[PDB]
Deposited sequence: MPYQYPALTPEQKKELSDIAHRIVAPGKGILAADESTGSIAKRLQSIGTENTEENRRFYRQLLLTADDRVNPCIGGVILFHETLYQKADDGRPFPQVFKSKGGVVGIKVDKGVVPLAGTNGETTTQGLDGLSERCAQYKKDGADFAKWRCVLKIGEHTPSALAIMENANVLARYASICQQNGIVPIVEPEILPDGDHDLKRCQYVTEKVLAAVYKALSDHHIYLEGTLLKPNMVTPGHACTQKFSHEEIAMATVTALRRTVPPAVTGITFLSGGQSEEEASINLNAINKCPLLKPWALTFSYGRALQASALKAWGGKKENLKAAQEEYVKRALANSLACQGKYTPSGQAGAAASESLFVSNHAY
């Protein structure tokens, strides 16, 4: 499947990204779905605004060096230049970070099912990843989404999603790109915490069997899951020790140790819940043989975005907000996080990007 030279390259890359203290910034929103984040702060969705906004994030003045191993970028963002003319991958790489690339092509429905979806992307994938590798990306991301309704997530969806996740992983590692396997269970719903924990266990079990089946090399992988969390509409209330227990036991029962790190997705939690729960998790007493960090998008950019507010004059003001959150999360990601747009929940029904 893979030579040893090729396994060292992936294992290396994978550990780099989640070395101690570091997480991933998810700046990988599609054009259409970044556009509605910009509309949130009354900014027109334009190549330059998008470029400007991404540039603000990749140029954050260096206390974020120890906190941000990697950045997932959307396809166009990887071919965009800082204002000095320098391509964004080289701007971020020079500072010791690693560039990632969102390669899925969005979700697609599953006939005969109660709203579930595959996602698509695999076509032309390997040649795309060849390009993205030569243009500076050392890891990729692929988002699949399941939801919890009563007859959701069905076997059919879990089986097909874990499988496409495995196809993609296998194509990425062929091209020396560490795959990020994201089986996101959406928080959409009334479900309680344990319901979510069970669905997450069944999903990840299915994904890691799929990965085994497709002979993907787990030491050169990372996993971006949802934390385990009550449904949005869940009335019952659950602590962060309970969410971190639920989340950590879910992961100990499914994710074999060889997986090099677990970079959590925000899930639509507020920026601060995200860092508290991330921290709680790392402080969970149980034994956690993988890197438990963050790959947050919205939970590292809410404060930033509403600082920037479409206006060039706050660039520094927005990127100091960004930095604050990265530092918060680089401590949560060690257990060392002790602490109001950052508490605004960032929930989005059927989050798409």
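Participant: Going by C-alpha coordinates, which parts of the deposited sequence are missing from this model?
Facilitator: No C-alpha coordinates exist for 1-6, 346-350.
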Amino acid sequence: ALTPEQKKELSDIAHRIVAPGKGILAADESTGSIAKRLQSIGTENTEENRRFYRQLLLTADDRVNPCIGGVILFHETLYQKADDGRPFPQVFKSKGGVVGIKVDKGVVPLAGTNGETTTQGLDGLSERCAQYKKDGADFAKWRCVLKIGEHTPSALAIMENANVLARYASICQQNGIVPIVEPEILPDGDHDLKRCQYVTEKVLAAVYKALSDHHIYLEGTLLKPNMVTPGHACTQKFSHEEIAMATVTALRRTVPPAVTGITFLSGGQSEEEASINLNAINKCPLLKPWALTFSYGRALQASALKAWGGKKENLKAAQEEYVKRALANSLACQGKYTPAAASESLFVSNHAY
From here on, numbers count along this sequence of modelled residues.
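Participant: Comparing 294-302 with 56-64, where is the mean C-alpha B-factor higher?
Facilitator: For C-alpha atoms only, the mean B-factor is higher in 56-64.
Participant: Using only the Cα atoms and their B-factors as the entry lists them, report which of 166-174 and 82-90 averages higher.
Facilitator: 82-90 has the higher mean C-alpha B-factor.
Participant: Just to confirm, going by the entry's C-alpha B-factors, which of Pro153, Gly268, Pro230, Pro256 comes out highest?
Facilitator: When the deposited C-alpha B-factors of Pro153, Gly268, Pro230, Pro256 are compared, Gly268 is largest.
Participant: Which of these, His215, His191, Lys141, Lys95, has its C-alpha atom at the highest B-factor, as the entry lists it?
Facilitator: Most elevated C-alpha B-factor of the set, per the entry: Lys95.
Participant: Lowest, middle or highest third: where is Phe264 by Cα B-factor in its chain?
Facilitator: According to the entry, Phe264 has a C-alpha B-factor in the chain's lowest third.
Participant: Considering only modelled residues of the same chain, in which third does the CA B-factor of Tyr132 rank: lowest, middle or highest?
Facilitator: Middle third, going by the recorded CA B-factors of the chain.
Participant: Sorting the chain's CA B-factors, does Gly121 end up in the lowest, middle or highest third?
Facilitator: Its C-alpha B-factor belongs to the middle third of this chain's values.
Participant: Consider only the C-alpha atoms of the modelled residues in this chain, order them by B-factor as the entry records it, and name the third containing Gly106: lowest, middle or highest.
Facilitator: Tercile = middle for this residue's CA B-factor.
Participant: Ranked by Cα temperature factor within the chain, is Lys147 in the lowest third, the middle third or the highest third?
Facilitator: As the PDB entry reports it, the C-alpha B-factor of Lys147 lands in the middle third of its chain.
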